[PDB]
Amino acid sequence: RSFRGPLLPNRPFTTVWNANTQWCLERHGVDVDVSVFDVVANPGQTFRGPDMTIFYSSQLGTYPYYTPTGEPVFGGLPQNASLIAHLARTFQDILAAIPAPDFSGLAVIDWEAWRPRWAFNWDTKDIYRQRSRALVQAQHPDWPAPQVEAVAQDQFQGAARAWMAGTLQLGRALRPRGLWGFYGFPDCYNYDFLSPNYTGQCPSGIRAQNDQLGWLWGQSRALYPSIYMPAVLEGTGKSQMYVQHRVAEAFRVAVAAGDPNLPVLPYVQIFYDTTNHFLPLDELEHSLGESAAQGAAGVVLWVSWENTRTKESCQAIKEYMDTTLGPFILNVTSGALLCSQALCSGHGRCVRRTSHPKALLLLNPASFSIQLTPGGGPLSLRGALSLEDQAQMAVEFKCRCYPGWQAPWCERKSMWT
């Protein structure tokens, strides 16, 4: 189903800086170096470029939700809204947001109110369930509880699916080269950090509910799972297992939906989620490094407006970029590229062997040096991949070939090409 190799030339692992660092500069005179990234995409949506479009929930058709005081917008619930009116506006929204018909960048839809699986609408999302029950109870006033539940569950899930599949399908009909997918899907729901037996595994019937979203995976042309690291992870040893299984679940549903090649691009932050606490180098490896080592197509680094608001914040990002983040980005991007070239003939991604569950794609500091060019050109890389570095890759990593290239080493084009 998917036929893209590396999303950008020489980039098995691509990075998108999704930060308003433009504000840091224009408002505060703080100049954050963003040259290490493949893509800079302002979440403030200042320009319309070839590499990323984002649709926030108020930008693509008529997305129904409840305000936090419970008032409906466009009907609150997909079964209480007009799909036909949504699709009309969606058609026009896509053409205005994405003027090039051959646009081939990320096309991220950000729908975070209700979830398509009835089971996942818990906590503050239980309003979608309560209101689903209310809607059938008003239409049929003399109806017992387990009967409004089952009718509510089917109406909701039926509607939620028509809306999400129809929007993705229309996006792809109009822009067939867009890497269309929803932010935050799949979710592994492995937030059980306080439990003795924490493995990071997606609980119980979570995977089973995700299998019921095969229709969603089929309609997707990239997957954008979130690997934001909750505040509670800070200073424990559970970050890597949490991330590992969230990335793995995105590959798992891709393979089961008959698209082993579906680009997976997790969303990450450089802070613990909801905080101004920068991720230690450590935690970068456990998140961006982890994603690359599973063969992620790249990562989207989302930086909240909360973190680029002030001069102080912006200046702490500038310095984090120089000391920690930027060298790390070049490190992981180059490790992935060099491995692809040395192991996979330049025609596949290196992916962990299962015998080496924690291996990462990084540069040996004995073979390479990453340094800032004086005055401040971009980071340079000096040195060379040693024969021992290459021997270590051969033991830790195998190949997942780009579509069209044959396993195991991606040396020859495949059969039906």
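The first residue of the shown sequence is 1; numbering continues from there.
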Original post:
Mean C-alpha B factor from the entry: is it higher for 23-31 or for 367-375?
Top reply: 367-375
Subject >> Stretch with the higher entry mean CA B-factor, where the candidates are 225-233 and 178-186 >> reply: 225-233
**OP:** Check the PDB entry and point out which of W305, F120, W163, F251 has the largest C-alpha temperature factor.
**Re:** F120
Original post:
Based on the PDB record, which member of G289, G346, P141, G218 exhibits the highest Cα temperature factor?
Top reply: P141
Original post:
Taking the C-alpha B-factors as the PDB entry records them, is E285 in the lowest, middle or highest third of its chain?
Top reply: lowest
**OP:** Rank-wise, by C-alpha B-factor, drop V16 into the lowest, middle or highest third of its chain.
**Re:** lowest
**OP:** Ordered by C-alpha B-factor within the chain, which third holds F328? Give me lowest, middle or highest, please.
**Re:** lowest
Original post:
Looking at the C-alpha B-factor of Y267, is it in the lowest, middle or highest third of its chain?
Top reply: lowest
Original post:
Looking at the C-alpha B-factor of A384, is it in the lowest, middle or highest third of its chain?
Top reply: highest
